[PDB]
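K.L.:
Following this message is one structure expressed as structure tokens.
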Amino acid sequence: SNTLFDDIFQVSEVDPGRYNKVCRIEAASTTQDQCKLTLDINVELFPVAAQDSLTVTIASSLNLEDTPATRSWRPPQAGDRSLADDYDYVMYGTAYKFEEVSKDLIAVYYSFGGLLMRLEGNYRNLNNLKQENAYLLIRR
Amino acid sequence: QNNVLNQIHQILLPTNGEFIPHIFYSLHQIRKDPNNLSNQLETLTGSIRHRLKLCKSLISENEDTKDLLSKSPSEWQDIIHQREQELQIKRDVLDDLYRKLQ
Amino acid sequence: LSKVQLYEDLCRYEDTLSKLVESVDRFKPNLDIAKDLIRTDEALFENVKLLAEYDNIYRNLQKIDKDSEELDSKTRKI
Amino acid sequence: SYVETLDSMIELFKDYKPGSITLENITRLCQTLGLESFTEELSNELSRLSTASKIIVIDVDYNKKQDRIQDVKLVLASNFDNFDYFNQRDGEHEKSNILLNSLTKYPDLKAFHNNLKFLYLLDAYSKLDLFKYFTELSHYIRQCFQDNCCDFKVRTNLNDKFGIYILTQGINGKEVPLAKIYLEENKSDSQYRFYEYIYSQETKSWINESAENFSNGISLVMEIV
């Protein structure tokens, strides 16, 4: 429910690869000099250019109320309130690796249906991420 | 000075860091480098947590001490005082034969 | 384990210290749980003192258990 | 954030119960606040512990056999060696120091906790000598309260604890504690230069006298007994 991770990243590089709808972005934090991000984005739905400031958030759930997927996903009814309302591009995915880059840096790997993300940073603001399912919310 | 009572007493209250001194010494040691993963305090208190498991094993493996720990000390003192006079009546119906023989 | 008073005492002492070390490892420590651990400390320490009393009541209970059994042996042999 | 709350929880662990009377308890209790103490071993049974930073030198002789101390030695490197670290109470005129009383009566470290922190806060700011200031503050406040024609009798180091105790004579004829006047530190702000009180003989008030001697972030306050 609550925000597991929130930061602002500066998109250093955008690589289309061999794809037409998905681009892999290299970004680094505007505040920290150590928290960086590799991220696959459907740029057809959310175009991203270089030198872009993206607010990036990882949450455990989209509902505003605190936590009390295994539940079947349903189309959003008219008037439903969610954390996605304040952001532009929301993916949902599974954490599949917790790598230890150095004595201070941990990298967390997420798969949003095959769209991969690697969030590398020091552990005292990445400690909220655990081996679970998370929502990635991106706004410009 | 029962044996297992002595072992649990001198593993729970050493004659050193009981539970708090090791942990605040460790969290004072974090001040040198708060960004080292081998400097987690869980790594340093894992030995203490294994000592807790050893205390649980030493408590569980012994049975008469387990029976002793079940009732309050006032209850044990009252029950031993109220079970003494049964032995007193056993002794007096034992040695009334002394006055019966004369 | 539900009948002995020391067992649950060290259970919630261990629980308070484990949640405190989890909180400081997650970098959000709490003082209410520190006060709760303070409340659990005195029960542990005077329970250790009454366990030192338990040693003495065990040895004197053993002394009168053995004089009980030898007087029973005396009665059956006579 | 994190350093502040770890210092608050170790302060709270200090405030609750810092162990029973052992030499290693004394070492860790002194080492919590970052002031160094050192111990020495005469033999397998006798030891001494000494602590000194700039002015105060405290020493305690511990015995491992009895788990109890035997004697203590407290000295100051300042210009005034007549500090009131003894007990001054009505009923008897015994001259035994309050640190020895605190370790010998109480089997815990709460009284020595309070006394050791008051000693350290006096030493760290003693350039105004807080020792002699607190020494004749009792006499000054007694001479002030005698002129107020009110039943305010002054003692020092009652209930095995510091401060200046103010008392009254009751029905029983024995002095009863009411209030407490003492020195306390304020964590909200530290910019107040504490000055030295001088009681005037003419206008019966307290007038500034400090020009170079000062104390940082301390105040002289009441609390009820």
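Here, A, B, ... name the chains of the structure tokens in the order displayed, residue numbers run from 1 inside each chain, and ligands are numbered from 1 in the same displayed order.
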Find the spatial neighbours of residue C:37, counting only C-alpha atoms, within a cut-off of 10 Å - ignore same-chain residues fewer than 3 positions away - and output them as a PyMOL selection string.

P.N.:
(chain C and resi 12-17+20+31-34+40-42) or (chain D and resi 13)

K.L.:
Filtering to C-alpha atoms, could you give me those residues as a CSV table (one decimal), in the first residue's frame?

P.N.:
chain,number,residue,atom,x,y,z
C,12,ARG,CA,8.4,-12.2,24.8
C,13,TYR,CA,11.9,-11.0,25.9
C,14,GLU,CA,13.3,-12.7,22.8
C,15,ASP,CA,10.4,-11.3,20.8
C,16,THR,CA,11.0,-7.7,22.0
C,17,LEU,CA,14.7,-7.9,21.3
C,20,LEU,CA,14.0,-4.2,18.1
C,31,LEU,CA,11.0,3.7,21.8
C,32,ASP,CA,7.7,2.2,22.8
C,33,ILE,CA,9.0,-1.3,22.2
C,34,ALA,CA,12.1,-0.3,24.1
C,40,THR,CA,10.1,-7.4,30.4
C,41,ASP,CA,13.6,-7.1,31.9
C,42,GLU,CA,12.6,-6.9,35.6
D,13,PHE,CA,18.6,1.6,28.6

K.L.:
Using only C-alpha atoms, which protein or nucleic acid residues come within 7 Å of residue A:137? Drop anything in the same chain fewer than 2 positions from it, and give the result as a CSV table (one decimal) with C-alpha atoms, in the first residue's frame.

P.N.:
chain,number,residue,atom,x,y,z
A,56,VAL,CA,10.0,6.7,-9.9
A,57,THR,CA,8.1,4.9,-7.1
A,58,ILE,CA,7.9,1.2,-6.1
A,84,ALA,CA,-1.9,5.0,-10.1
A,87,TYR,CA,1.3,8.8,-12.0
A,89,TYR,CA,3.0,4.9,-16.3
A,90,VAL,CA,2.4,2.0,-14.0
A,91,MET,CA,3.8,-1.6,-14.3
A,135,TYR,CA,4.0,-1.8,-8.6
A,139,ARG,CA,5.5,10.2,-13.6

K.L.:
Can you pull out every residue within 12 Å of residue A:14, counting only C-alpha atoms, but drop anything in the same chain fewer than 6 positions away, and send it as a list in words?

P.N.:
residues 22, 23, 24, 25, 26, 27, 37, 38, 39, 40, 41, 42, 43, 47, 48, 49, 50, 51 and 52 of chain A

K.L.:
Name the closest residue to chain D among the candidates C:35, C:66, C:59, C:76; distances are taken between atoms, counting only C-alpha atoms.

P.N.:
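For chain D, the nearest of the candidates is C:35.
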
K.L.:
Find the nearest atom pair between each residue of chain C and chain A for residues within 9 Å, count only C-alpha atoms, give distances in Å to one decimal, sort rows by chain and ascending number, and present the table as CSV.

P.N.:
residue,atom,partner,partner_atom,distance
C:25,CA,A:124,CA,8.7
C:26,CA,A:127,CA,6.4
C:27,CA,A:124,CA,7.1

K.L.:
Mind listing as a PyMOL selection string which residues of chain C are within 7 Å of chain B, counting only C-alpha atoms?

P.N.:
chain C and resi 3-6+55+68

K.L.:
Could you take the residues named above and write them with C-alpha atoms, as a PDB file, in the first residue's frame?

P.N.:
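Generated output (selection.pdb):
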ATOM      1  CA  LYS C   3       2.179 -23.944  32.863  1.00  0.00           C
ATOM      2  CA  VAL C   4       5.702 -22.633  33.564  1.00  0.00           C
ATOM      3  CA  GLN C   5       5.950 -18.879  34.109  1.00  0.00           C
ATOM      4  CA  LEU C   6       9.575 -18.381  33.012  1.00  0.00           C
ATOM      5  CA  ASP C  55      17.694 -24.312  43.659  1.00  0.00           C
ATOM      6  CA  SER C  68      10.564 -39.847  53.437  1.00  0.00           C
TER       7      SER C  68
END

K.L.:
Residues of chain B within 6 Å of chain A, counting only C-alpha atoms, what are they? List them as a list in words.

P.N.:
residues 35, 36 and 37 of chain B

K.L.:
Report the residues of chain A whose backbone DSSP state falls under strand (DSSP E or B), written as a PDB file with C-alpha atoms, in the first residue's frame.

P.N.:
ATOM      1  CA  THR A   3       5.575   3.569  -0.902  1.00  0.00           C
ATOM      2  CA  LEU A   4       8.469   1.117  -0.667  1.00  0.00           C
ATOM      3  CA  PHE A   5      10.799   3.357  -2.694  1.00  0.00           C
ATOM      4  CA  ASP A   6      10.555   6.882  -4.104  1.00  0.00           C
ATOM      5  CA  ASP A   7      13.215   8.850  -5.961  1.00  0.00           C
ATOM      6  CA  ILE A   8      13.749  11.152  -8.949  1.00  0.00           C
ATOM      7  CA  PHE A   9      15.928   9.860 -11.786  1.00  0.00           C
ATOM      8  CA  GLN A  10      17.624  11.602 -14.707  1.00  0.00           C
ATOM      9  CA  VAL A  11      17.397   9.479 -17.856  1.00  0.00           C
ATOM     10  CA  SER A  12      20.986   9.232 -19.086  1.00  0.00           C
ATOM     11  CA  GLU A  13      20.431   6.946 -22.079  1.00  0.00           C
ATOM     12  CA  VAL A  14      17.597   5.406 -24.111  1.00  0.00           C
ATOM     13  CA  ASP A  15      18.349   2.243 -26.105  1.00  0.00           C
ATOM     14  CA  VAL A  22      10.072  -1.227 -25.781  1.00  0.00           C
ATOM     15  CA  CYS A  23      13.146   0.842 -24.907  1.00  0.00           C
ATOM     16  CA  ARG A  24      15.680   0.227 -22.143  1.00  0.00           C
ATOM     17  CA  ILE A  25      16.616   3.377 -20.224  1.00  0.00           C
ATOM     18  CA  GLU A  26      19.721   4.061 -18.151  1.00  0.00           C
ATOM     19  CA  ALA A  27      18.975   6.601 -15.420  1.00  0.00           C
ATOM     20  CA  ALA A  28      20.683   7.918 -12.296  1.00  0.00           C
ATOM     21  CA  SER A  29      19.272   9.639  -9.229  1.00  0.00           C
ATOM     22  CA  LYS A  36      20.878   4.086 -10.643  1.00  0.00           C
ATOM     23  CA  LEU A  37      18.229   2.374 -12.720  1.00  0.00           C
ATOM     24  CA  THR A  38      17.982   0.119 -15.764  1.00  0.00           C
ATOM     25  CA  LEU A  39      14.413  -0.098 -16.970  1.00  0.00           C
ATOM     26  CA  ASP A  40      12.393  -1.496 -19.867  1.00  0.00           C
ATOM     27  CA  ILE A  41       9.541   0.867 -20.783  1.00  0.00           C
ATOM     28  CA  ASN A  42       6.778   0.581 -23.372  1.00  0.00           C
ATOM     29  CA  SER A  53      13.449  13.748 -14.980  1.00  0.00           C
ATOM     30  CA  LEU A  54      11.194  10.848 -13.972  1.00  0.00           C
ATOM     31  CA  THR A  55       9.735  10.403 -10.509  1.00  0.00           C
ATOM     32  CA  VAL A  56      10.033   6.653  -9.898  1.00  0.00           C
ATOM     33  CA  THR A  57       8.100   4.895  -7.123  1.00  0.00           C
ATOM     34  CA  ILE A  58       7.900   1.245  -6.056  1.00  0.00           C
ATOM     35  CA  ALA A  59       4.892   0.296  -3.925  1.00  0.00           C
ATOM     36  CA  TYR A  89       3.031   4.873 -16.327  1.00  0.00           C
ATOM     37  CA  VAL A  90       2.378   1.965 -13.951  1.00  0.00           C
ATOM     38  CA  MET A  91       3.752  -1.553 -14.323  1.00  0.00           C
ATOM     39  CA  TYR A  92       3.308  -4.566 -12.051  1.00  0.00           C
ATOM     40  CA  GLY A  93       6.004  -7.153 -11.597  1.00  0.00           C
ATOM     41  CA  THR A  94       7.886  -9.735  -9.578  1.00  0.00           C
ATOM     42  CA  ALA A  95      11.212  -9.362  -7.796  1.00  0.00           C
ATOM     43  CA  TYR A  96      13.438 -12.201  -8.971  1.00  0.00           C
ATOM     44  CA  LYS A  97      16.944 -11.427  -7.674  1.00  0.00           C
ATOM     45  CA  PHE A  98      18.571  -9.500  -4.814  1.00  0.00           C
ATOM     46  CA  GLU A  99      22.203  -9.077  -5.873  1.00  0.00           C
ATOM     47  CA  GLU A 100      24.921  -7.693  -3.591  1.00  0.00           C
ATOM     48  CA  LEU A 105      25.240  -1.384  -2.835  1.00  0.00           C
ATOM     49  CA  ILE A 106      22.438  -3.865  -3.446  1.00  0.00           C
ATOM     50  CA  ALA A 107      20.675  -4.319  -6.772  1.00  0.00           C
ATOM     51  CA  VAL A 108      17.057  -5.458  -6.970  1.00  0.00           C
ATOM     52  CA  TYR A 109      15.797  -7.134 -10.146  1.00  0.00           C
ATOM     53  CA  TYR A 110      12.151  -6.898 -11.223  1.00  0.00           C
ATOM     54  CA  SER A 111      10.305  -8.423 -14.172  1.00  0.00           C
ATOM     55  CA  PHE A 112       7.187  -6.580 -15.339  1.00  0.00           C
ATOM     56  CA  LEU A 115      10.134  -5.912 -19.037  1.00  0.00           C
ATOM     57  CA  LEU A 116      13.188  -5.995 -16.794  1.00  0.00           C
ATOM     58  CA  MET A 117      14.298  -3.452 -14.209  1.00  0.00           C
ATOM     59  CA  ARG A 118      17.508  -3.324 -12.179  1.00  0.00           C
ATOM     60  CA  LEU A 119      17.481  -0.797  -9.334  1.00  0.00           C
ATOM     61  CA  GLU A 120      20.955  -0.440  -7.814  1.00  0.00           C
ATOM     62  CA  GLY A 121      21.511   1.604  -4.679  1.00  0.00           C
ATOM     63  CA  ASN A 122      22.740   1.595  -1.123  1.00  0.00           C
ATOM     64  CA  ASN A 133       5.272  -8.431  -6.148  1.00  0.00           C
ATOM     65  CA  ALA A 134       5.472  -4.672  -6.609  1.00  0.00           C
ATOM     66  CA  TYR A 135       3.982  -1.817  -8.610  1.00  0.00           C
ATOM     67  CA  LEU A 136       6.348   0.556 -10.407  1.00  0.00           C
ATOM     68  CA  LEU A 137       4.823   4.018 -10.875  1.00  0.00           C
ATOM     69  CA  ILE A 138       6.536   6.572 -13.123  1.00  0.00           C
ATOM     70  CA  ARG A 139       5.550  10.201 -13.606  1.00  0.00           C
TER      71      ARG A 139
END

K.L.:
Return as JSON, numbers by chain the residues belonging to chain D that are within 10 Å of chain C, counting only C-alpha atoms.

P.N.:
{"D": [1, 2, 5, 6, 8, 9, 10, 12, 13, 16, 17]}

K.L.:
Have a look at D:15, D:144, D:32, D:126 and name the one nearest to chain B; count only C-alpha atoms.

P.N.:
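Once distances to chain B are computed over only C-alpha atoms, the minimum belongs to D:32.
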
K.L.:
Using only C-alpha atoms, find the residues of chain B whose closest atom to chain D is at most 12 Å away, then write them as a VMD selection string.

P.N.:
chain B and resid 13 to 31 34

K.L.:
For a test of reading the model, state the distance in Å between atom CA of residue C:62 and atom CA of residue B:4, rounded to one decimal.

P.N.:
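One can read the atom CA of residue C:62 to atom CA of residue B:4 distance as 15.4 Å.
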
K.L.:
Which of chain A counts as helix (DSSP H, G or I) under DSSP, as a PyMOL selection string please?

P.N.:
chain A and resi 83-86+123-126

K.L.:
From the options C:51, C:56, C:71, C:43, which residue's atoms come nearest to residue C:9, counting only C-alpha atoms?

P.N.:
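Distance minimum relative to residue C:9 lands on C:43.
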